[PDB]
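> just the starting chains for now, same placement as in the complex:
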Amino acid sequence: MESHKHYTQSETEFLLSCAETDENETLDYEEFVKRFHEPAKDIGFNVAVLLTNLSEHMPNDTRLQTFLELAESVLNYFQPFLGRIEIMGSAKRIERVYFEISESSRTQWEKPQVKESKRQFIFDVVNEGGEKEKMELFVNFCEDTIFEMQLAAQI
Amino acid sequence: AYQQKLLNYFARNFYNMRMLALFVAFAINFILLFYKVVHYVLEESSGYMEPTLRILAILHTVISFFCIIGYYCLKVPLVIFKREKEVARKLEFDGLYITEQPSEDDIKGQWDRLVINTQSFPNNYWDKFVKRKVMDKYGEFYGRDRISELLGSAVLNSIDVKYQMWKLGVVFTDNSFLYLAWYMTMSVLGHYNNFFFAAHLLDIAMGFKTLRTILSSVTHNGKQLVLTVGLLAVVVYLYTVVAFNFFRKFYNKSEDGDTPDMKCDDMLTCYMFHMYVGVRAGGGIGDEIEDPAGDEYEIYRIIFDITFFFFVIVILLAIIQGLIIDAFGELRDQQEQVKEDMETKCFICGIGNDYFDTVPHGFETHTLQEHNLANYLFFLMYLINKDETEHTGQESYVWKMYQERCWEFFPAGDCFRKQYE
């Protein structure tokens, strides 16, 4: 870890005494963090969404910007991992909604047949289609795509 | 575990061996050119011609068997996902067999009348809700009779077979499955007769997709093309009608008339001769004619047929080059409007490359983030992931919209700087 240099050495040893100090002094990676750190990953993710939509709601706040940028490695980590969408869900302003993307679902999206049928569907819509059945059939393509990723996930 | 393991394997290792079937077809054609007439095969210094010949022939039939197994593993569930989704929503939003009763077109659709009897129906749209929901919504007002109209090695004859028989009937409606299955039967006919075995090579027409754009540039206008060429053949037909009825003795394949003169007082083989030369003449219908001795009929036949070969050269060529090059131009039109509308209007946006360059590099980010095409999809996953209890009232709200399929949550594309700026 000191060869990685990524941590302050006080906190490396906080992690060391934290880890196991066991069986000679040895330690496991997973069983010390994973079962708790990945939930804590989800937690700090939600924090990241929280401060993110604090910025997105309320911009131009160097107090918030400082508080943001002090937290920043989390934001950089979950930047693909966040879900973020925009709608008008009866609040009748223009209404963004931020959420979680399972990155495993993007590894499912990482399938290139998804990409090719996706670009094909792009071609289908730009080729022709009613503007009101547009997003309808888009969502239908998305549904087929979801089921396809279920299929590719179970392989 | 053998079977399911190879199912998972042909899942994960399919287009590689599809390219291998391509390559083995190439290896077929490389060698299927050394025949000599009783038929046999010639030998050169590679002393393994006939063994590896027979081996790779039956082995390519085996590769065809492999790819039809892997294709049964392949998008067949997405096919039936589309199908069951379609049928279940045309029960949900419609109730077609309840009251609507569609016409005799698409017994693809009317085929699915009796699968609603099969209680295992909405498997591959995960939507067993739809049966009892239609039963509650549509079925109650039209009655418990309609509820009965829709409700009503070892394991071999003890399951829902007619559901699966229905399913296989749907499977046979496929075009790509029929394509690869006919390809498989070509591989089979090679095991019966390894001489039309090399005729597999129409699969490269759905092979490298540029060749598929070539064949599409053929076939997408090909309705007009083929009907036009049939009209052209009728034109030539009627021409040979016209080019008989005064001109009845002249043109002969004969050896000056010593051998019997080959002008055709049959109408049919006159058509055949005329048509044949027209489609394989070159100069026209004047090559096989007498010398312009100078009859009053003969000025007529000379000027007649040189202008009518000329009109052939007008019409049939203009068909060919105009139809095909304009088909190529149409192929251009498609993708250029694609690359237009991608660089201007996201589908959820649909405004233009205009507001979001007043935000400089706001169109870049606008594309990547504001409508971020697959992320709305990922939210649909997230809805399918989470539960309506687990949902937010926003999530369950748009979920209720999704129960309506009413799309109004999706805006005009006016984004968060369009509400204020």
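Now that the structure is in, tell me what you want to look at. Residues are numbered from 1 along each chain as shown, chains lettered A, B, ... in the order given.

> distance check, the spatially most central residue of chain B against residue B:381.
By Cα atoms, centre = their mean, chain B has its centre lying nearest to residue B:175, at 6.6 Å. Per Cβ to Cβ, to the nearest Å, residue B:175 is found 29 Å from residue B:381. All C-beta atoms are positioned from the backbone trio N, CA, C, and that covers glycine.

> before we move on, what about residue B:253?
Counting by Cβ to Cβ, the gap from residue B:253 to residue B:381 is 73 Å.

> quick one, which of these two is more surrounded?
Set side by side, residue B:253 and residue B:381 show more neighbours around residue B:381, with 24 against 12, by other Cβ atoms under 10 Å in any protein chain shown.

> tell me the helix or strand right after the stretch of helix or strand the more buried one belongs to.
Using DSSP states H and E, the element containing residue B:381 is helix B:374-385. For helix B:374-385, the following helix or strand on the C-terminal side (DSSP H and E) is helix B:393-404.

> now do that following helix against helix B:374-385, angle only.
90 degrees (axes from the mean of the first three to the mean of the last three Cα atoms, to 10 degrees).

> how about stretch B:328-337, does it reach chain A?
Yes - using Cβ under 8 Å from any Cβ of the partner chain, stretch B:328-337 reaches chain A at B:334-335, B:337.

> quick check on those residues: which are buried?
residue B:334 (16 or more other Cβ atoms under 10 Å in any protein chain shown).

> among the residues of stretch B:328-337 next to chain A, which ones are in helices?
B:334-335, B:337 (DSSP state H).

> just send those residues back as TSV, with distance to residue B:55 too.
Shown next, in TSV, are those (distance: Cβ to Cβ, whole Å):
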residue	distance to residue B:55
B:334	45
B:335	44
B:337	50
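
> in the helix holding residue B:381, what counts as buried?
Buried, per 16+ other Cβ under 10 Å, within helix B:374-385: B:374-383.

> does chain A sit close to that helix?
Yes - residues of helix B:374-385 contacting chain A under Cβ under 8 Å from any Cβ: B:374-382, B:384-385.

> tabulate the residues you listed (TSV), appending distance to residue B:349.
Converted to TSV, these look like this (distance: Cβ to Cβ, whole Å):
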residue	distance to residue B:349
B:374	15
B:375	13
B:376	12
B:377	16
B:378	18
B:379	16
B:380	18
B:381	21
B:382	21
B:384	25
B:385	26
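
> relative to residue B:317, which of these is nearest.
residue B:374 (48.0 Å; Cβ to Cβ).

> then chain C, please:
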Amino acid sequence: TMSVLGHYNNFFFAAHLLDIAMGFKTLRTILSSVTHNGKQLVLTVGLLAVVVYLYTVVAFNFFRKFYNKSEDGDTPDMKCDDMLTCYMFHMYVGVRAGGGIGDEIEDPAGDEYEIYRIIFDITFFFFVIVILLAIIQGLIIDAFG
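Putting chain C onto the chains we already have gives this:
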């Protein structure tokens, strides 16, 4: 090195003249109009050659004795039961033939096979005239466009 090979052999010395292809730049636009789509062009013509290849596959396997360069059969009949030189002769006679692959045919005596071969090959020369021409003029004039 072409100039050098002229000092070794002043007969391929005149083969320098591919430099005018990067010479006056309008000619370079001509060659670019050739080559900028030329990936599709060349792969298409290879596909076309495969089409003709498979055609000569089809245009052998019933039609095996008919067409001869021979002097009526006194000189030995030049129909090719080799598959390879059938391709060579078939391809050649579809490339520099003119009137399709019908010029080198037995005139129709009228066998049931012979109606088949006549209509067969006149339509297949016709389909050559469809496909290979449409390749040429469509690809090139659209390249100009």
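
> contact partners for the residue nearest to the centre of chain B?
Listed by Cβ atoms under 8 Å, 6 or more residues apart in numbering or on different chains, the contact set of residue B:175 is empty.

> any residues of the stretch 1-150 of chain B in contact with chain A? List them.
Checking the stretch 1-150 of chain B against chain A by Cβ under 8 Å from any Cβ, the hits are B:8, B:11-12, B:75, B:77-78, B:81-82, B:85, B:124.

> in the lengthiest helix in chain A, which residues are buried?
In chain A, assigned by DSSP H, the helix with the most residues is helix A:30-57. By neighbour count on 16+ other Cβ under 10 Å, the buried set for helix A:30-57 is A:41, A:44-45, A:48-49, A:51-52, A:55.

> for stretch A:76-88, same thing?
A:78, A:81-88.

> so what touches it?
A:44-45, A:48-49, A:52, A:94-101, A:103, A:106, B:348, B:369-372, B:375-376, B:378-379, B:382, B:398, B:408-411, B:415-416.

> from the chain's centroid, how far away is it?
Relative to its parent chain, stretch A:76-88 has a centroid offset of 6 Å by Cα atoms, centre = their mean, to the nearest Å.

> cool, and stretch B:273-281?
Using Cα atoms, centre = their mean, the offset of stretch B:273-281 from its chain centre is 33 Å.

> say whether chain C is contacted by that stretch.
Yes - Stretch B:273-281 reaches chain C (Cβ under 8 Å from any Cβ) through B:273, B:275-276, B:279-281.

> tell me, how many residues neighbour the residue lying closest to residue A:132 once chain neighbours are set aside?
Once flanking residues are discounted, residue A:132 sits nearest to residue B:407: 7.8 Å by Cβ to Cβ, 6 or more residues apart in numbering or on different chains. Per other Cβ under 10 Å, the neighbour tally for residue B:407 reads 16.

> hmm, residue A:136 and residue B:407 touching each other?
Yes - the pair residue B:407 / residue A:136 is scored as a contact, 6.2 Å apart, by Cβ atoms under 8 Å.

> quick one: stretch A:131-140 to chain centroid distance?
26 Å.

> swap in stretch B:273-290?
Worked out by Cα atoms, centre = their mean, stretch B:273-290 lies 37 Å from the chain centre.

> over to stretch B:333-340?
The answer for stretch B:333-340 is 21 Å, by Cα atoms, centre = their mean.

> same thing with stretch B:322-333?
19 Å.

> another chain to add, chain D:
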Amino acid sequence: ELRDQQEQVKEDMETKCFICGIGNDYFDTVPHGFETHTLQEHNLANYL
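Adding chain D to what we have so far:
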């Protein structure tokens, strides 16, 4: 030219009704207002 005719047909149908003649622009600021605009606002045969 035969292409040009019908493509401008399918352009101007999807943009400007004859009684409208404005475009596919104001009536998408009304989302699905161009659909209804075509079907109702100028509704070609109804003036007939």
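
> please reconsider the neighbour count of residue B:407 now that chain D is part of the model.
Residue B:407: 18 neighbours (other Cβ under 10 Å).

> residue A:145 versus that one, what's the distance?
From residue B:407 to residue A:145 the distance is 17 Å (Cβ to Cβ).

> same check on residue A:36?
Using Cβ to Cβ, one gets 34 Å for the distance from residue A:36 to residue A:145.

> picking up where we left off before, tell me the helices and strands packed up against the longest helix of chain A.
helix A:62-69, helix A:72-77, strand A:82-87, strand A:95-100 (3 or more Cβ pairs under 8 Å, 6 or more residues apart in numbering or on different chains; DSSP states H and E).

> ok, the closest residue to residue B:170 other than its chain neighbours to residue B:95 distance?
What sits nearest to residue B:170 in space, not counting adjacent residues and going by Cβ to Cβ, 6+ apart, is residue B:83, at 5.9 Å. Using Cβ to Cβ, we find residue B:83 at a distance of 17 Å from residue B:95.

> so between these two, which is more surrounded?
Neighbours of residue B:83 and residue B:95, each counted by other Cβ under 10 Å, are more numerous for residue B:83; the result is 21 against 17.

> show me which residues of chain A sit near chain D.
Going by Cβ under 8 Å from any Cβ, the residues of chain A near chain D are A:130-132.

> going by neighbour count, which of those comes out on top?
Neighbour-wise, the residues of chain A next to chain D (other Cβ under 10 Å) top out at residue A:131, 16 neighbours.

> wait, it sits on residue D:28?
Yes - counting by Cβ under 8 Å, residue A:131 touches residue D:28, with 7.4 Å between them.

> spit out the residues that contact these two alike.
Joint contacts of residue A:131 and residue D:28 (Cβ under 8 Å, 6+ apart) are B:350, D:34.

> give the contact list for whatever residue of the stretch 301-421 of chain B ends up closest to chain D.
The stretch 301-421 of chain B approaches chain D most closely through residue B:412 (4.9 Å), counting by Cβ to the nearest Cβ. Residue B:412 makes contact with B:350-351, D:28-29, D:31, according to Cβ under 8 Å, 6+ apart.

> which single one of the residues you listed is nearest to residue A:71?
residue B:351 (33.5 Å).

> skip the chain neighbours and tell me the closest residue to that closest one.
residue B:413 (5.1 Å).

> what is the neighbour count of that neighbour?
Neighbours of residue B:413 (other Cβ under 10 Å): 22.

> OK, contacts around it?
Contacts of residue B:413 by Cβ under 8 Å, 6+ apart are B:345-346, B:348-351, B:371.
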